[PDB]
Protein chains: 2
Amino acid sequence: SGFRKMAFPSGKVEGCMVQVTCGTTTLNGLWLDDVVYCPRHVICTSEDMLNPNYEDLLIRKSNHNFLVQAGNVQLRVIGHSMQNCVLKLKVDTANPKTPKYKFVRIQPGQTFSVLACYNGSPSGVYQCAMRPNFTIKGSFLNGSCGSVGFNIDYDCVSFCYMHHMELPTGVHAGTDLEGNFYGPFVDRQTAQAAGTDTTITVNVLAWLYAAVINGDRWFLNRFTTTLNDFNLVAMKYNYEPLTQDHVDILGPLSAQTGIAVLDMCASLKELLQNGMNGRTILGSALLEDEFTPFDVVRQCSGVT
Amino acid sequence: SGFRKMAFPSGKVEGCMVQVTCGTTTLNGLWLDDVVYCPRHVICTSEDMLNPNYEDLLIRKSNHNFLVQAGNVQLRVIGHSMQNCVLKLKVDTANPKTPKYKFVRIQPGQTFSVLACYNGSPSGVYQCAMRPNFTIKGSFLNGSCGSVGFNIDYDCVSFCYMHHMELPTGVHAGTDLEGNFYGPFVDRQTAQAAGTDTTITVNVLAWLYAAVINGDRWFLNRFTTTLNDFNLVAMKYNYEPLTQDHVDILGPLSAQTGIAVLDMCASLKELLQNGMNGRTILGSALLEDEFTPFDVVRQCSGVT
Ligand SMILES: *[C@](O)(C(N)=O)[C@H](CC1CCC1)NC(=O)[C@@H]1[C@@H]2[C@H](CN1C(=O)[C@@H](NC(=O)NC(C)(C)C)C(C)(C)C)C2(C)C
Ligand SMILES: *[C@](O)(C(N)=O)[C@H](CC1CCC1)NC(=O)[C@@H]1[C@@H]2[C@H](CN1C(=O)[C@@H](NC(=O)NC(C)(C)C)C(C)(C)C)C2(C)C
């Protein structure tokens with residue numbers, strides 16, 4: 001029993017983290033086969049970051065300007081390109097610890113593990129959700145850039161996030177491993193707005209199922225509701241509208257609890273309308289939306 | 001910026017996890033040098049667990065009754081003993097992936113990372129606190145027994161916890177790596193009470209410092225207080241009494257925020273007396289006590 005925010009075990013990603021240095025900027029790189037991936041703003045001075053022309057800045061740089069270090073071992077750069085907002089540094093040495101891997105662009109509301117790194121050394125691992133507004137609420141200090149988000153499928157690491165920048169709330173924006181930002185952000189230090197951020201309704205339901213499975217049932221009331229009716233309560237409380245895809249995704253949890261999704265929506269409506277009256281659900285005094293149905297099924301039926 | 005419950009990177013511990021099988025019971029073992037450590041109740045049938053005589057039960061067992069598997073590799077057992085509530089299985093093969101390690105007994109209020117494992121395969125990693133009543137609030141399904149808690153100091157893994165049992169709230173009890181339970185618990189399926197559990201006051205203060213460092217300051221009020229005066233508010237709210245050791249431990253955070261500990265206590269008193277009035281601190285609608293000052297300094301000044 002018990003329900004915690006759990007990250008994937010990070011070992012397979014630890015073996016891929018390197019330090020990348022150009023001028024005095026140091027950040028983290030991801031070393032897979034004979035290619036090191038990092039944020040392209042590694043080539044910028046503090047001044048450059050205000051309005052950088054990355055093509056012109058990159059042109060001043062040659063292979064030998066890029067100090068790539070794996071532990072206490074210097075890799076030799078034999079090629080450099082920019083793909084969108086990532087630098088790819090081609091090295092002579094394939095990473096002998098390269099796991100089976102893929103690059104995936106994750107969808108809003110999906111979760112991933114972050115291996116927060118400094119100077120190419122892993123400090124810590126935690127679980128994050130891609131918010132509907134394509135930010136994450138991470139823990140990222142100066143040095144953390146190029147730290148990566150991932151999922152593990154069997155023995156296969158799916159890399160989905162590289163850390164680039166912090167936005168004015170203490171929220172985080174970054175790219176996929178092809179260097180495409182999640183959201184409207186650009187890698188320039190100028191005014192930029194994250195959208196209004198909605199609650200991942202299907203995640204909150206999954207978490208209420210998690211609460212039921214773990215014996216927290218108090219919020220389970222006498223009522224039911226309709227897709228139309230709940231989705232009207234959702235709109236008012238800045239929750240994302242629930243679809244039949246969502247109802248279908250909740251099937252395994254529904255079937256494990258013998259609680260119809262629409263009953264669970266009725267409980268949710270009453271929590272949104274009445275609040276929680278000083279009580280807790282899985283030790284939280286708030287509705288939690290950073291667990292996918294997948295994460296709940298994984299944790300509550302224990303897959304490796 | 002940002003503040004999250006972060007676990008140590010788990011790679012060094014992943015390489016130590018094995019599967020241990022006796023009769024039809026399977027759980028996790030920790031393989032260090034030529035010794036595999038697991039919970040001794042691996043030798044029990046469901047019936048045995050009610051009132052086991054571990055000495056007599058162990059006597060029915062020989063080296064060959066113990067199926068130790070590292071991935072798809074069977075280790076050969078050349079010795080077995082019981083130390084307190086752990087079995088030590090001596091194997092022919094030293095773990096080639098043995099990290100630099102120590103066994104430590106942690107104190108109440110200290111944190112550690114759990115690598116939750118099933119059939120000797122790591123599923124996930126999360127951060128836990130040894131509660132004042134020597135339980136933990138983990139995520140542990142059938143199969144999780146022998147999963148371990150640890151800290152990483154430099155390159156040195158300090159193992160501090162092995163998972164043994166679940167108590168009636170969905171709370172967890174286990175041993176150090178010498179097989180001594182934390183708390184009054186025994187490895188028998190019979191009525192057992194965890195003490196009343198107090199709040200780790202020094203941890204809550206560390207977390208309020210974390211909140212200030214990250215710009216959440218609203219709870220910072222005009223008042224101050226005394227050690228005696230706050231500790232009287234603490235007693236009433238089931239908080240552990242704050243000592244000068246605690247004030248001294250909060251020094252680095254005090255000095256980083258230029259906020260006197262006793263002012264921060266005054267804010268805490270008002271939160272305990274008035275509650276939070278529907279507001280949040282670092283995205284929590286509750287006072288968080290599972291971060292040590294150490295964890296706050298680590299995260300908020302980024303050590304690897
Ligand atoms: C990483 O590059 C790193 N070296 O680790 C770094 C992390 C942050 C945490 C403080 C430094 N990211 C940046 O430096 C990033 C690079 C410049 C400016 N960056 C920012 O993150 C800035 N954010 C920002 O200007 N946000 C908007 C665009 C105004 C909303 C900081 C003000 C936090 C430095 C670029 C290219 C975006
Ligand atoms: C591990 O052994 C394992 N195989 O992974 C297991 C984990 C729990 C989660 C369901 C099984 N632990 C036990 O089986 C443990 C072994 C027996 C009974 N155990 C319990 O955890 C029981 N708790 C319990 O009886 N608690 C008290 C003592 C009544 C407060 C369960 C009821 C949860 C099975 C022993 C030796 C304690």
# chains A, B, ... in the order shown; residues from 1 in each chain; ligands from 1

$ closest_atom_pairs --of "chain A" --to "ligand 1" --cutoff "6 Å" --atoms "only C-alpha atoms and all ligand atoms" --output "CSV"
residue,atom,partner,partner_atom_place_in_ligand_line,distance
A:27,CA,ligand 1,4 (N),5.5
A:41,CA,ligand 1,36 (C),5.4
A:49,CA,ligand 1,36 (C),4.9
A:141,CA,ligand 1,9 (C),4.9
A:142,CA,ligand 1,9 (C),4.2
A:143,CA,ligand 1,5 (O),3.4
A:144,CA,ligand 1,5 (O),4.1
A:145,CA,ligand 1,5 (O),3.6
A:164,CA,ligand 1,12 (N),5.3
A:165,CA,ligand 1,21 (O),3.3
A:166,CA,ligand 1,21 (O),4.1
A:167,CA,ligand 1,30 (C),4.1
A:168,CA,ligand 1,30 (C),5.6
A:187,CA,ligand 1,36 (C),4.1
A:188,CA,ligand 1,36 (C),4.3
A:189,CA,ligand 1,25 (O),3.7
A:190,CA,ligand 1,29 (C),4.7
A:191,CA,ligand 1,29 (C),4.5
A:192,CA,ligand 1,30 (C),4.6

$ write_last_selection --atoms "C-alpha atoms" --output "PDB file, in the first residue's frame"
ATOM      1  CA  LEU A  27      26.169  23.070 -18.728  1.00  0.00           C
ATOM      2  CA  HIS A  41      22.825  28.791 -25.773  1.00  0.00           C
ATOM      3  CA  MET A  49      21.456  35.981 -24.522  1.00  0.00           C
ATOM      4  CA  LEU A 141      19.498  26.051 -10.388  1.00  0.00           C
ATOM      5  CA  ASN A 142      22.183  27.799 -12.481  1.00  0.00           C
ATOM      6  CA  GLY A 143      24.128  24.848 -14.050  1.00  0.00           C
ATOM      7  CA  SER A 144      20.988  22.632 -14.559  1.00  0.00           C
ATOM      8  CA  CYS A 145      20.584  23.460 -18.302  1.00  0.00           C
ATOM      9  CA  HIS A 164      16.707  25.439 -21.179  1.00  0.00           C
ATOM     10  CA  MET A 165      15.153  28.296 -19.188  1.00  0.00           C
ATOM     11  CA  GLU A 166      13.153  29.509 -16.177  1.00  0.00           C
ATOM     12  CA  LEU A 167      10.034  31.705 -16.489  1.00  0.00           C
ATOM     13  CA  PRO A 168       8.928  34.433 -14.077  1.00  0.00           C
ATOM     14  CA  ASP A 187      15.902  30.774 -26.174  1.00  0.00           C
ATOM     15  CA  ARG A 188      16.308  34.546 -25.756  1.00  0.00           C
ATOM     16  CA  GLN A 189      16.295  36.615 -22.507  1.00  0.00           C
ATOM     17  CA  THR A 190      13.288  38.840 -23.448  1.00  0.00           C
ATOM     18  CA  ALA A 191       9.692  39.168 -22.158  1.00  0.00           C
ATOM     19  CA  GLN A 192       7.763  35.895 -22.873  1.00  0.00           C
TER      20      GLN A 192
END

$ select_by_dssp --residues "stretch 53-243 of chain B" --states "strand (DSSP E or B)" --output "ChimeraX atom specification"
/B:67-70,73-75,77-83,86-91,101-103,111-118,121-129,136,148-153,156-167,171-175,181,199,239

$ interface_residues --of "chain A" --to "chain B" --cutoff "8 Å" --atoms "only C-alpha atoms" --output "VMD selection string"
chain A and resid 1 to 12 14 115 117 to 118 121 to 126 137 to 141 166 170 to 171 214 284 to 286 299 to 304

$ atom_distance --atom1 "atom CA of residue B:193" --atom2 "atom CA of residue B:238"
18.1 Å

$ residues_around --residues "stretch 177-182 of chain A" --least-positions-apart "3" --cutoff "7 Å" --atoms "only C-alpha atoms" --output "list in words"
residues 83, 84, 85, 86, 103, 134, 159, 160, 161, 162, 173, 174 and 185 of chain A

$ select_by_dssp --residues "stretch 35-129 of chain B" --states "helix (DSSP H, G or I)" --output "short mmCIF file (atom, residue, chain, number, x, y, z; two decimals) with N, CA and C atoms, in the first residue's frame"
data_model
loop_
_atom_site.label_atom_id
_atom_site.label_comp_id
_atom_site.auth_asym_id
_atom_site.auth_seq_id
_atom_site.Cartn_x
_atom_site.Cartn_y
_atom_site.Cartn_z
N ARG B 40 14.69 -11.87 6.73
CA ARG B 40 14.75 -13.31 7.14
C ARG B 40 13.40 -14.00 6.95
N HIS B 41 12.30 -13.26 6.92
CA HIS B 41 10.94 -13.85 6.72
C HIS B 41 10.79 -14.41 5.30
N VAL B 42 11.84 -14.32 4.47
CA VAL B 42 11.89 -15.06 3.18
C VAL B 42 11.78 -16.58 3.45
N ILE B 43 12.11 -17.05 4.65
CA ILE B 43 12.11 -18.52 4.91
C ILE B 43 10.73 -18.99 5.35
N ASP B 48 3.55 -19.79 8.93
CA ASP B 48 4.74 -19.47 9.77
C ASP B 48 4.68 -18.03 10.32
N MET B 49 4.26 -17.07 9.48
CA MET B 49 4.38 -15.59 9.72
C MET B 49 3.59 -15.21 10.98
N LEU B 50 2.61 -16.04 11.36
CA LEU B 50 1.72 -15.80 12.52
C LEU B 50 2.51 -15.88 13.83
N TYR B 54 12.24 -18.34 14.06
CA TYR B 54 13.16 -18.17 12.90
C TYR B 54 14.34 -19.12 13.02
N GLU B 55 14.85 -19.34 14.24
CA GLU B 55 16.01 -20.27 14.43
C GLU B 55 15.59 -21.67 13.94
N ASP B 56 14.48 -22.19 14.46
CA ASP B 56 14.01 -23.54 14.06
C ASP B 56 13.72 -23.55 12.56
N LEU B 57 13.17 -22.47 11.99
CA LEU B 57 12.73 -22.50 10.57
C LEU B 57 13.97 -22.54 9.67
N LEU B 58 14.96 -21.72 10.02
CA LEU B 58 16.25 -21.58 9.32
C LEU B 58 16.98 -22.93 9.32
N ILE B 59 16.89 -23.67 10.41
CA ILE B 59 17.54 -25.00 10.56
C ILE B 59 17.02 -25.98 9.50
N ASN B 63 21.94 -24.23 2.17
CA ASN B 63 22.47 -23.27 1.16
C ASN B 63 21.67 -23.42 -0.14
N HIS B 64 21.45 -24.65 -0.60
CA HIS B 64 20.81 -24.94 -1.92
C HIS B 64 19.30 -24.60 -1.93
N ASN B 65 18.65 -24.34 -0.79
CA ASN B 65 17.21 -23.93 -0.74
C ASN B 65 17.05 -22.46 -1.12
#

$ residues_around --residues "residue A:217" --least-positions-apart "2" --cutoff "12 Å" --atoms "only C-alpha atoms" --output "count of residues only"
20

$ closest_residue --among "B:90, B:104, B:186, B:113" --to "ligand 2" --atoms "only C-alpha atoms and all ligand atoms"
B:186
